[PDB]
């Protein structure tokens, strides 16, 4: 039960922009972290796992980096379908999440 703290909680952007969401842990969770995206009314979908590994079928514009207590989800060029809320998951011990980051239209 680690305290996963995500920021920003929200941010406005437009197509093309390079967005950056970060998560920090209250203690070392190594590289056991995964990013998820959730569009309104559906279930979350894993984008990355093990901090940097891409999930099969996910565009390369999504990349993640970090280890220890500082992690980061990066998007190269924001696409019209990338608007949704993003969550980071701590998988080192008992599952814990981040508050969430919703990226919406400028």
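Numbering follows the first chain given and starts at 1.
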Between the two ranges 64-72 and 48-56, the one averaging a larger CA B factor in the entry: 48-56
Between the two ranges 13-21 and 83-91, the one averaging a larger CA B factor in the entry: 13-21
Lowest, middle or highest third - CA B-factor, residue 101: lowest
Ranked C-alpha temperature factor of residue 34 among modelled chain residues, by third: lowest
